[PDB]
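S.K.: I am attaching a structure below and will ask some questions about it afterwards.
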RNA sequence: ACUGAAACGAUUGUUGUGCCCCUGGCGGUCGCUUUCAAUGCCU
């Protein structure tokens, strides 16, 4: 009742791991946190599919472990 | 292998050493064991 599904350009505003990013997502802008074993994004603008899970955050859809490999 | 696996800010150490509750101090001052009494009664 409070999530919805959409597609377009979105500011993620949660952290997000670039290694887990699939095709049908692309990263347009990112700000990064340099960290072992691999750096995260702390903020990113993406193009692709998402879930607006409350009226002020947008979560990337379709992420899975190591999807860039 | 959770940027992972194990992971003692630890060991030793006296709040110590010296110190007089001390000095001065009249239980003092006043006070009648007092008041009355037949060695007596007779030979």
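Don't worry about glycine lacking a Cβ; one is built from the backbone with ideal geometry, like all the others, and counts go over all protein chains shown. All of the numbers you see were taken from the coordinates with simple rules; none came from a lab.
S.K.: Here are some residues: A:5, A:68, A:57. Which one is away from RNA strand B (no atom under 16 Å from the Cβ), at negative phi and touching a helix residue (DSSP H, G or I) at 6+ places or on another chain (Cβ under 7 Å)?
M.R.: After ruling out the rest, the residue left standing is A:68.
S.K.: Considering only residues that are within 11 Å of RNA strand B (Cβ to nearest atom) and more than 11 Å from the chain's Cα centre (by Cα), look in the stretch A:17-42 and name the one that is surrounded by the most Cβ atoms within 10 Å (Cβ to Cβ).
M.R.: It comes out as A:39.
S.K.: Which of (1) within 16 Å of RNA strand B (Cβ to nearest atom); (2) over 8 Å from the mean Cα position of the chain (by Cα); (3) in a loop (DSSP other than H, G, I, E, B) is the odd one out, the single condition residue A:62 does not satisfy?
M.R.: (1)
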